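Chains as they are written, first to last, in the entry's author numbering: chain A, 342 to 390; chain B, 780 to 828; chain C, 1023 to 1118; chain D, 99 to 146; chain E, 92 to 438; chain F, 2 to 170; chain G, 245 to 292; chain H, 453 to 621; chain I, 1253 to 1468.
Beta carbons: idealized from backbone N, C-alpha and C, even for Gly.
Input: a single structure, listed below in structure tokens.
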DNA sequence: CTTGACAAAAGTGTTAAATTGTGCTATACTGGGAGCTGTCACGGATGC
DNA sequence: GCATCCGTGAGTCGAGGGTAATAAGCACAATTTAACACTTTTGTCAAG
RNA sequence: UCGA
Ligand SMILES: [Zn+2]
């Protein structure tokens, strides 16, 4: 339940990442980020009731 | 008596509790396997039983 | 709490109880001398250390804080005496 | 995998996401060094 | 429920966009107005911005512009009206450049308003900063104004470019000047950005977060563990005292913070006792030396007195005062070891 | 020095707030990230609210209780007990005068009850949505002459003041 | 909160139902509501 | 003159004659209509409040905004090298920010639209400092749900300065 | 048993769910219904009126019974304000006290009436102004019993026409929030609301109550 | 208590090295966005 | 007048455990601050 | 989230 919303925040982390830089060659390595997921998981286990 | 620059911040066992020591955990920054929070040199954790 | 090594809180209903007994200086002390009063707890401590009777407090502190807080809302709150004349509770501090 | 629709540029490179806390044998996670636990929840099931 | 954002959205929605024609016409009318001001500066022998603002005073409202700049900026009847009267003395060729000027001035406003629909769309990808929607968009429009005044249509470039470059800046500056509660100057923000950037990169690669060794290694020359750790320490922002606690919604943060900047009730009687017992133990010294001691340590005027000064009013030489306070000091040292009253206060 | 038996609460005029204020805080800063000292015009500024250390002036030219209350010539702080930073208030002068939200959103809205405007319309006005008439000066809309306290809209205002036009393609 | 465009009701109201992301009806919900309504359902959405 | 915003309300309020409205509402109360007498009463009550208090209604639209002393809204570092601060500081900060930017683009002669919008933002910021969440979605620190506690937020409430730091201690 | 919620329903002077109609004047009771709706007329010599009642609700009165003001026609609880405007303040106090003590004694808790009585007096301590006469008061204005009492007292000596008024009963909340001291209501609740009107009127606390002194 | 000779502490002026503030980038970019439910009683302003 | 919407509450002290996260960047003027060369006092010593 |  948290994994999906975090992965959605990352899903839009991909969007604005696609519309800039160099549309020709960008490996998925540059298209993927830690934060919108890892923070979403870190927010859960620590602060969830 | 000159009061030197450095003074005593030492952690003393809080009142209402005390006893022997079964263990001591020493973690100083720059040591292997341990990453200490930025701007902080040492952390010491005593087990009082 | 025990952690901060502080004293107990006097509840609103404890206050009510003290009012019910009609103990004036007990409740007065609870609200001033031993709680938030600036020179209250100090002069008291000195009085006990010197073997005297603790004098009567003046300013609650947090009441004054309440006053200035109100002033932040542009509420003009003045303490009159018996004649409707202003009395400084801030003891010549912010007078300007 | 990164797949270009029109360009037909197919570039597949495995990436990294992050760290996901695992569970012990007794079913207790360890967060910040002090092991914690997740209680079950209850709400009326979906549907009509 | 009266959304502040829909207000602005529909407010900019009232004024339509501008095609090539309208845009070029606008810019040309503007530059024409400004150069008109340039000639009008030679007319009455005045400055550019002077007459330029005097025009505004007659256009974007009359009394209101000079009424609330704040308590003092420029006088309305004095340094303004006389500029109106002084430029009224001029013939056709001159007096017409005035109308040209004000016309260009209006054209500037129309230009800014027409392209506002861009600036709004610029600050939407810029959300999540230390500032909200309108707060960001406005500080972007501030960049739109400068994007206007510096724009040249003669280069045949669509204004949507030159404007966007100034908005993209104005916002990224607006964050540097607001952001965290504590003020962080630009360069610091920059270096921080570079650091986090590197972090994001080598963490994407290595499959885990770096160390101050490797992250400063990838940062180039002069970058060591201690520095990246330092700037990382400065990076964090203060924590609100209204921070909740655990399961309890009632428990706050700041109620856990003690006041050590005010004397504790014990410390009052402490300093009192010291200042008293010291005065008692002081009376066993010669009328001179006892005074000299408290004159030296500042128990009198609250300030240290050099041997020269202590000897100046006593007529004695500095050396004398020195020997005096030494001797007196040890003569105190005799009684103190006996009474053991002041042997306390050892911290 | 006097018994206080009475406490009055009233409205504070802008002049009164000016009187309370030791200065206008302009710079929206707290403290420099290095010095950790109150910024020039910052919300913590010593030059107005008073010194952090008792009797110790900001710059450090005046220190002890000897000279007291006299403002220094460098930083401009006053030499006095550090307690003043508790009781000393500032002010912020607004370019466009704003309203205290209490009287606006109070259940029996005081402005709305006085000026006789519903909270619904007063909301539109105070928050910059719809205009309100001040001395129409012979102005008339839709055959019915417009009067003070009446609300207008975006188009209607510039239509009365700047005129009604029609643009055709 | 915005002018009633025809594509604006197409890209908005579609999400509240047909979008499997912003609308996800639990497997238990889909299944139970499927058997309790005496009918059947394809995805986890309200409409296709 | 259609002028809109809190400034206008300040104008009308400043022009008010309380005595005239007093007598007019007195004669308005004498009306036999069961409705009219009531509303006339309730309005005359506020009018009389202002008359008896001796306070001017135009003060409700505020120019100079009072600022709470540093020790009342403290910022201090705890053990471990952290920093802690009050939300009121951030509120004030955003307020004065919007205010200064306002003055800047105002005296600059920027287009009326942006100016007006900025005025609105100033109003809602002032409100955020006075009573936060009283209108619209409450202002929260970026990333966090928790609303910023303002003056009114501190005064009123279960944990408010009265029920917490006054009526018990 | 109605229990604590009843006690609160009383102390707050709230409208009963079971609320029973009472005769506004002293008439004779005349029961009239064709079978649609139950109607009960109560008619004095020159006056008259009827009460619309559901057929289901059981009444306490018989056709041809001479009754008085405030006397209940139907079974169940009675709206405090209704009998305040029907019989008078005395009967009100009596009813309130007797009902609170009813619940308490029913639960097996013994207490002296004085306690309840003080609160009860605190409830109706406010009055509504009607035809202020020679006084600065306005129609519909609300003020304490003692205040208007003294106003009339002095008005008589001045020869001026006194102030006619009506007793006004209210719950402990609406009572306490209406108190002379602004610090009291500010401490209580509705703070944001209280301080507004307080500051507007510029009201000035004499520190008469003990709680507003507890603040001080 | 004094007189002269001196090390160290503390001063004062100019400068090297950082830190901080400001400006501009011209292909063309022209209206955001996230939603969240299983209260409850009451009192007043507002709308039919 | 009669349905609806907004606003305000709702128990008392404790016990703990506490803190996450930034994708613009570069060139240069403006100060500020650390560096440093040398001056004037200040403190200390020896002998009177 | 437990103690009374
Ligand atoms: Zn100074």
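Looking at the secondary structure, which residues open and close the beta strand (DSSP E) in which residue i lies?
i, result
"residue 1097 of chain C", "1097 to 1102"
"residue 454 of chain H", "Here residue 454 of chain H belongs to no beta strand (DSSP E), and DSSP marks it neither H nor E."
"residue 101 of chain E", "Where residue 101 of chain E is concerned, there is no enclosing beta strand (DSSP E), although the alpha helix (DSSP H) it sits in stretches over 95 to 103."
"residue 802 of chain B", "800 to 807"
"residue 1303 of chain I", "1302 to 1305"
"residue 1295 of chain I", "1290 to 1295"
"residue 1396 of chain I", "1394 to 1396"
"residue 1283 of chain I", "1280 to 1284"
Once DSSP output is grouped into helix, strand and coil, what is the label at residue i?
i, result
"residue 1381 of chain I", "strand"
"residue 33 of chain F", "strand"
"residue 369 of chain A", "helix"
"residue 527 of chain H", "strand"
"residue 1274 of chain I", "strand"
"residue 1415 of chain I", "coil"
"residue 132 of chain D", "strand"
"residue 1461 of chain I", "coil"
"residue 824 of chain B", "strand"
"residue 100 of chain F", "strand"
"residue 135 of chain E", "helix"
"residue 544 of chain H", "helix"
Considering just the uninterrupted stretch of the alpha helix (DSSP H) at residue i, what are its terminal residues?
i, result
"residue 317 of chain E", "316 to 326"
"residue 491 of chain H", "488 to 505"
"residue 364 of chain E", "356 to 373"
"residue 1429 of chain I", "That residue, residue 1429 of chain I, is in no alpha helix (DSSP H); it is neither H nor E in DSSP."
"residue 1313 of chain I", "Unbroken run through residue 1313 of chain I: none, as it is neither H nor E."
"residue 378 of chain A", "376 to 388"
"residue 1084 of chain C", "1084 to 1094"
Could you pull the DSSP bridge partners for residue i from this structure?
i, result
"residue 599 of chain H", "H/592"
"residue 25 of chain F", "F/92"
"residue 516 of chain H", "F/94"
"residue 7 of chain F", "C/1102"
"residue 291 of chain G", "Looking at the DSSP assignment, residue 291 of chain G forms no beta bridge with any residue, so it has no partner."
Pull every residue with its beta-carbon under 5 Å away from any heavy atom of ligand 1, and keep them in chain order. F/58, F/60, F/62, F/73, F/75, F/76
Does the structure place the segment 3 to 10 of chain F close enough to the segment 1440 to 1458 of chain I that three or more beta carbon pairs sit under 8 Å? yes
Do three or more CB pairs link the segment 202 to 217 of chain E to the segment 525 to 544 of chain H at distances below 8 Å? no
Flag this pair as touching only if the segment 192 to 202 of chain E and the segment 115 to 132 of chain E have three or more C-beta atom pairs under 8 Å; answer yes or no. yes
Count Cβ pairs between the segment 80 to 87 of chain F and the segment 42 to 62 of chain F that sit closer than 8 Å; are there 3 or more? yes
Is the segment 1092 to 1105 of chain C touching the segment 599 to 611 of chain H in the sense that three or more CB pairs, one from each, lie closer than 8 Å? yes
Count the C-beta pairs between the segment 1056 to 1072 of chain C and the segment 354 to 363 of chain E that are closer than 8 Å, then say yes if the count reaches three, no if not. yes
Check whether the segment 1274 to 1286 of chain I touches the segment 1312 to 1326 of chain I, counting contact only when three or more Cβ pairs, one atom from each stretch, lie closer than 8 Å. yes
Looking at C-beta atoms only, is the number of pairs between the segment 241 to 261 of chain E and the segment 128 to 138 of chain E that lie closer than 8 Å three or more? no
Can you confirm whether the segment 105 to 118 of chain F touches the segment 526 to 541 of chain H when touching is taken to mean that 3 or more C-beta pairs between the two stretches lie within less than 8 Å? no
Contact between the segment 812 to 828 of chain B and the segment 328 to 335 of chain E is defined here as three or more beta-carbon pairs at a separation below 8 Å; is this criterion met? no
Tell me, please, whether the segment 504 to 518 of chain H touches the segment 422 to 433 of chain E by the rule of three or more beta-carbon pairs shorter than 8 Å. no
Any contact of the segment 225 to 233 of chain E with the segment 251 to 269 of chain E, i.e. 3+ C-beta pairs under 8 Å? yes
Given 8 Å as the limit, is there contact between the segment 575 to 587 of chain H and the segment 128 to 143 of chain D, that is, 3 or more CB pairs closer than that? no
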